[PDB]
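> experimental structure below, sequence on top.
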Amino acid sequence: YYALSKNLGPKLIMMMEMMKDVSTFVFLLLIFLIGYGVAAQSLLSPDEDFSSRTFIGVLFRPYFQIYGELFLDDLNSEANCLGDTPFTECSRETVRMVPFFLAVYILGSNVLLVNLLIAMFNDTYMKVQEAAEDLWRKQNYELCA
Amino acid sequence: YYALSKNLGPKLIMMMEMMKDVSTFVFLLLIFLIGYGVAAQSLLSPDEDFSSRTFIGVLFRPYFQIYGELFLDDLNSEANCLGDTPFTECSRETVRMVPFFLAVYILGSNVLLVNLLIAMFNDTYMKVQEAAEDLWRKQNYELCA
Amino acid sequence: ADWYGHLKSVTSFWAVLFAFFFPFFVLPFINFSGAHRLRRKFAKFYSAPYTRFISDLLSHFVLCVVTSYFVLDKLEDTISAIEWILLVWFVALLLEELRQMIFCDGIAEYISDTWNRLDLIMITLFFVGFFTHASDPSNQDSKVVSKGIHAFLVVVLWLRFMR
Amino acid sequence: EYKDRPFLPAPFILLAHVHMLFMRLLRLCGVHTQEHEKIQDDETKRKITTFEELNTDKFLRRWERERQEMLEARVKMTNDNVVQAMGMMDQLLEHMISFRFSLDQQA
Amino acid sequence: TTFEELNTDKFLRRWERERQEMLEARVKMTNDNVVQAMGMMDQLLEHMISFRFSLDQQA
Amino acid sequence: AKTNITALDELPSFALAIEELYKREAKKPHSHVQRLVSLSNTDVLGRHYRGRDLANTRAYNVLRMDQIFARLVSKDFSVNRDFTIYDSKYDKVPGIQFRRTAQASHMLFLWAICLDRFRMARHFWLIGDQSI
Amino acid sequence: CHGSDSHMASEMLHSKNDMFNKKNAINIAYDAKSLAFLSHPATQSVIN
Amino acid sequence: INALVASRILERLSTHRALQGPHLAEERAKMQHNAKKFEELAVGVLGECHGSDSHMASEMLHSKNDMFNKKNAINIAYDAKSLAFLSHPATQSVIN
Ligand SMILES: CC(C)CCC[C@@H](C)[C@H]1CC[C@H]2[C@@H]3CC=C4C[C@@H](O)CC[C@]4(C)[C@H]3CC[C@]12C
Ligand SMILES: CC(C)CCC[C@@H](C)[C@H]1CC[C@H]2[C@@H]3CC=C4C[C@@H](O)CC[C@]4(C)[C@H]3CC[C@]12C
Ligand SMILES: CC(C)CCC[C@@H](C)[C@H]1CC[C@H]2[C@@H]3CC=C4C[C@@H](O)CC[C@]4(C)[C@H]3CC[C@]12C
Ligand SMILES: CC(C)CCC[C@@H](C)[C@H]1CC[C@H]2[C@@H]3CC=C4C[C@@H](O)CC[C@]4(C)[C@H]3CC[C@]12C
Ligand SMILES: CC(C)CCC[C@@H](C)[C@H]1CC[C@H]2[C@@H]3CC=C4C[C@@H](O)CC[C@]4(C)[C@H]3CC[C@]12C
């Protein structure tokens, strides 16, 4: 029922056009999310049998770290590092690579992919704004009928 | 008193023009916020009488999760999940859908709606910058008078 | 048109994928451009370049899934069966890279490409990690260092999937 | 790239490698086989040739007409026409001065 | 019906006048006019050569 | 020739004249009209049902062509013809000459659209009414 | 039409014509998929 | 001032209840056209002044005229809603 409005309706048509760019962003992020997630989960727990908890561990924290919620306190607790500095005096030296991988990952996801999505939206918006307005004007009669 | 300045004044006129895009963003987010909020609050507490606390629970955490403050530790405490992995070994299996709904929601609000607001601002800004400058020049005499 | 190997109904990802897995149940009931014909269409469909791409994707996807489980699950005190399968797979990949270097374009032409360099880095990482584990399979430290190298291996493998 | 690639996928490409090595050994040393291909008929070749020649002539005619309909070309052609018009007036003036002489000598 | 017919004729008249005021059409029309001017000069030259013959035969 | 169908026998002389223009243009080599009628897969009165001799001697009648153009516009377009007004009993009705003109013009207009002759199409479009 | 009399133009667009099974010009325009006609201000004014 | 007043009267007159009708359309159109022209004149002369002597142009814009209840050209321009005149650099220079 927002489609009847001259402000909300064309914008809804534009949102349906931008869904392909959303799909492009999802396909590019999925690559980095599963790569970093399998690597990070394996690095944190290298002596554990595979279970359903391993699979959730691969997708839970990697996905929510791209929205700014960084589980660094939780990662620090799981790495068994007892130092005051965050990843020093650990039992295994390999788990000290856990913040570096993370350091690459959020550079890939937040600084690169999100900003490219912004660029794709602006380009897509400028391209299909007039066509969306015309399509809304045909749908105005369709809704009236 | 910022309106007398040649830099701050036209920008103020542009802000008043962009308020309609702000209203468009508010109407689109309101839909996702109340849908996700009622669903998530019901999923977390399925055996509680309706009260004023239920209504605050529907609007409090859903609104503040779109600014990056994700209450995942608080959600973990409310879900009564005792596992080390975040939503495993819970009393009810339905409450394990609480992070998935959230997973959809912040995809809708932060990646889709915020970036479309950025696209709408850029388009609106390019459209009404010269008219805002002319209107500021008429208001210059108005302020002098 | 050269893609799809000159066929009508082969147009989307799903149609070619469905026809690939189910050859006898979608190919006869589809538009075609006896053992004389079914064999000819089978030789044309699996001789198509798109079909080799689909086969390479599926192959690389299994490689990613199998290598991802191998690095997530704990290593045993001897060389496991999945480790031997991955060893055979990466030798085959290494021989294919060597065959392309010696018998196709040239070494300069091969190094120019960024994906060939990534291919070389992923084979190199797997062999360093595998020999690190295989030098002392019962050593706990060797298991930890081997999984550490293989974390980089999984990152490159999923990054190469973008090709 | 995917036209010349080995037919079998990666874990099984070793079979393809041993098959190519077997064909190379049988072709270089054994010489028990060769290569077979298909050659297009002369009818279809001259059919392609006729089509290409006809469309080449058609594009040149369309290209020439399009270049003559430009604004710059029309302004240039009208300008040259006005120059030719003066030339014809110059010839006219020569014929005029000839009568002037003829009429002067006629009295 | 009368309104629609009248406005149809009015649009056709406005459309024809607008197409005649374009730059390309004006350049083309002036060009054809210069061609017609030479044609008239050709007729003039025929009349001129006729006098030349008449004046030559007059002596 | 006389036909057993009552709808076809009701048709005026000018409908047969338009039928002659369609037939004459259609008999020419590589004509798109013959392909359109053959690929349409319909019977003589235009109904989508797919003897033979009538169906071929009068294959370019006006009712069938009206049906073909109706399918070309949309799935529920159906142009209404009224050939009863061309009888001599309606001559006294005021403005009948305009109506007879308008309908006739429309049919000729559609024929000119089919052969892609824009100038004659524009001329019959301006003569008739309901321009838009 | 919209330049001359907006109301009379509105009256013409609402007129039902017998030759095309008794429906108006906008219905025909929608059936003809004429996006240019439907996006015009006069047509939009009658739809509103 | 007369060009600004003329532009305002023609623009307001073209959109009025007295000029609506099927037969009055073209003249109405003419009015709008004429309005624009007068507006152009009002800008144009002003521009010329700013090219010749900026100070003397400033002196002319500040002059109070008795025929329109003793107030200047900028006040008339604001009353005529001439956005083009007010946005001009010469007018803005006198306002500043
Ligand atoms: C891979 C490309 C992008 C760059 C390579 C940088 C990698 C190999 C570097 C950067 C940071 C490094 C880590 C930083 C510090 C330590 C602590 C040391 O006591 C053991 C090695 C360890 C854990 C390093 C391992 C190698 C490391 C992860
Ligand atoms: C402009 C940007 C790219 C600056 C680059 C920052 C890089 C060099 C920094 C940011 C965070 C850093 C990591 C933070 C913590 C640790 C754990 C420690 O035990 C070894 C070093 C290591 C792994 C650091 C390696 C270097 C690092 C990745
Ligand atoms: C709705 C569209 C977008 C996709 C559908 C996905 C939904 C139905 C899926 C995705 C994740 C799923 C949940 C993931 C894991 C579990 C744990 C299991 O022990 C009970 C079911 C439960 C809780 C699933 C319920 C169904 C679920 C919520
Ligand atoms: C590119 C983007 C879209 C990647 C998609 C990430 C999706 C598939 C991931 C991210 C977070 C994940 C959820 C995280 C936690 C849990 C709780 C667990 O008990 C069941 C599975 C469930 C509910 C996961 C389902 C899948 C999930 C929603
Ligand atoms: C080119 C890129 C992709 C490859 C990067 C090289 C990787 C595989 C190598 C380079 C340096 C290596 C590290 C060097 C030192 C140590 C300390 C040891 O006690 C545990 C292993 C650890 C932490 C190694 C892990 C693997 C390592 C990070």
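Structure's in. What do you need? Numbering: from 1, shown residues only, chains lettered A, B, ... in the order given. Ligands and ions are numbered 1, 2, ... in the order given.
> residue boundaries of the helices in chain C?
Secondary structure of chain C (DSSP state H): helices at C:13-21, C:23-26, C:35-45, C:49-72, C:81-103, C:107-112, C:114-135, C:140-160.
> how about the helices in chain A?
Under DSSP H, chain A gives helices at A:8-44, A:52-64, A:72-78, A:98-106, A:114-144.
> once you drop chain neighbours, what's closest to the most centrally placed residue in chain A?
By C-alpha atoms, centre = their mean, chain A has its centre lying nearest to residue A:66, at 5.2 Å. Spatially, and ignoring its direct neighbours in sequence, residue A:66 is nearest to residue A:109 (4.3 Å; C-beta to C-beta, 6 or more residues apart in numbering or on different chains). All C-beta atoms are positioned from the backbone trio N, CA, C, and that covers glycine.
> go ahead and confirm the one you found touches residue A:28.
No: in this structure, residue A:109 is not within contact of residue A:28 by C-beta atoms under 8 Å, at 9.3 Å.
> more crowded one of these two?
Each of residue A:109 and residue A:28 has its neighbours counted (other C-beta atoms under 10 Å in any protein chain shown); residue A:109 has more, 20 against 17.
> for that one, what are its contacts?
Each residue near residue A:109 by C-beta atoms under 8 Å, 6 or more residues apart in numbering or on different chains is listed here: A:29, A:32, A:33, A:65, A:66.
> next, work out how far apart the residue of chain G found nearest ligand 5 and chain D are.
Using C-beta to the nearest ligand atom, the closest approach of chain G to ligand 5 is made by residue G:35 at 53.7 Å. As for residue G:35, its distance to chain D is 30 Å (criterion: C-beta to the nearest C-beta, to the nearest Å).
> from residue A:12, how far off is that residue?
In this view, residue G:35 and residue A:12 are 18 Å apart by C-beta to C-beta, to the nearest Å.
> tally up the residues packed near the residue of chain G closest to ligand 5, please.
14.
> likewise for residue F:46?
By other C-beta under 10 Å, neighbour count at residue F:46 equals 19.
> what secondary structure does it sit in?
coil (DSSP: H, G, I helix; E, B strand; the rest coil).
> nearest residue to it in space, ignoring adjacent ones along the chain?
Leaving aside its sequence neighbours, residue F:46 sits nearest to residue F:67 (C-beta to C-beta, 6+ apart; 2.7 Å).
> which parts of the strand or helix carrying that neighbour are buried?
Element membership for residue F:67, per DSSP states H and E: helix F:62-73. For helix F:62-73, burial by neighbour count (16 or more other C-beta atoms under 10 Å in any protein chain shown) applies to F:62, F:63, F:64, F:65, F:66, F:67, F:68, F:69, F:70.
> same question, stretch A:99-113
Going by 16+ other C-beta under 10 Å, stretch A:99-113 has these buried residues: A:99, A:101, A:102, A:105, A:106, A:108, A:109, A:113.
> how near is the fourth one to residue C:151?
Separation of residue A:105 from residue C:151 (C-beta to C-beta) stands at 12 Å.
> where do the helices sit along chain F?
Counting by DSSP H, the helices of chain F are F:6-9, F:13-26, F:32-40, F:52-57, F:62-73, F:96-114, F:118-127.
> try chain D
D:13-25, D:42-68, D:71-105.
> counting neighbours, which bits of the last one end up buried?
If I follow you right, that is helix D:71-105. Residues of helix D:71-105 classed as buried by neighbour count (16+ other C-beta under 10 Å): D:74, D:78.
> do the shortest one as well
Judged by neighbour count (16+ other C-beta under 10 Å), helix D:13-25 contains these buried residues: D:13, D:14, D:16, D:17.
> tabulate these (TSV), appending distance to chain B.
As requested, the buried residues of helix D:13-25 are exported to TSV (distance: C-beta to the nearest C-beta, whole Å):
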residue	distance to chain B
D:13	39
D:14	40
D:16	43
D:17	44
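> among those residues, which two are most distant?
The most widely separated members of the buried residues of helix D:13-25, counting by C-beta to C-beta, are D:14 and D:16 (7.2 Å).
> ok, back up a step: can you narrow the buried residues of stretch A:99-113 to ones near ligand 2?
Counting by C-beta under 6 Å from any ligand atom, the subset of those that neighbours ligand 2 consists of residue A:99.
> for the closest residue to ligand 4 within chain G, what are its contacts?
Using C-beta to the nearest ligand atom, the single residue of chain G nearest to ligand 4 is residue G:35, 35.4 Å away. Residue G:35 makes contacts with A:134, A:138, as judged by C-beta under 8 Å, 6+ apart.
> try it again at 10 Å.
A:131, A:134, A:135, A:137, A:138, G:29 (C-beta atoms under 10 Å, 6 or more residues apart in numbering or on different chains).
> just residue F:120 next, same as before
Counting by C-beta under 10 Å, 6+ apart, residue F:120 touches F:108, F:109, F:111, F:112, F:113.
> before we move on, back to that, tabulate the helices of chain A (a markdown table), appending distance to residue F:98.
Formatted as a markdown table, the helices of chain A follow (distance: least, C-beta to C-beta, whole Å):
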| stretch | distance to residue F:98 |
| --- | --- |
| helix A:8-44 | 44 |
| helix A:52-64 | 74 |
| helix A:72-78 | 87 |
| helix A:98-106 | 78 |
| helix A:114-144 | 32 |
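> still on that earlier bit, neighbour-wise, which of the contacts of residue F:120 leads?
The contacts of residue F:120, ranked by neighbours (other C-beta under 10 Å): first place residue F:111, 23 neighbours.
> next up, the contacts around that one.
By C-beta under 10 Å, 6+ apart, the neighbours of residue F:111 are F:18-19, F:21-22, F:25, F:33, F:60, F:62, F:65, F:69, F:117, F:120-121, F:124.
> nearest to chain E, of those residues?
Here the nearest of the contacts of residue F:111 to chain E, counting by C-beta to the nearest C-beta, is residue F:124; it sits at 13.4 Å.
> and that closest one, how far is that from residue G:20?
17 Å.
> and the residue of chain C found nearest ligand 4, how many neighbours does it have?
Here chain C gets closest to ligand 4 at one residue, residue C:158, 12.8 Å apart by C-beta to the nearest ligand atom. Other residues within reach of residue C:158, judged by other C-beta under 10 Å, total 22.
> and it, how far from chain G?
Separation of residue C:158 from chain G (C-beta to the nearest C-beta) stands at 45 Å.
> quick check: that residue vs chain H, distance?
Counting by C-beta to the nearest C-beta - residue C:158 and chain H are separated by 58 Å.
> so which bits of chain A are right by ligand 4?
Residues of chain A found near ligand 4 (C-beta under 6 Å from any ligand atom) are A:26, A:29, A:30, A:33, A:56, A:59, A:60, A:63.
> how about those residues in a markdown table, adding neighbour count and distance to residue D:4?
Output for those, formatted as a markdown table (neighbours: other C-beta atoms under 10 Å in any protein chain shown; distance: C-beta to C-beta, whole Å):
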| residue | neighbour count | distance to residue D:4 |
| --- | --- | --- |
| A:26 | 13 | 33 |
| A:29 | 19 | 34 |
| A:30 | 12 | 31 |
| A:33 | 21 | 34 |
| A:56 | 18 | 44 |
| A:59 | 16 | 39 |
| A:60 | 21 | 44 |
| A:63 | 17 | 40 |
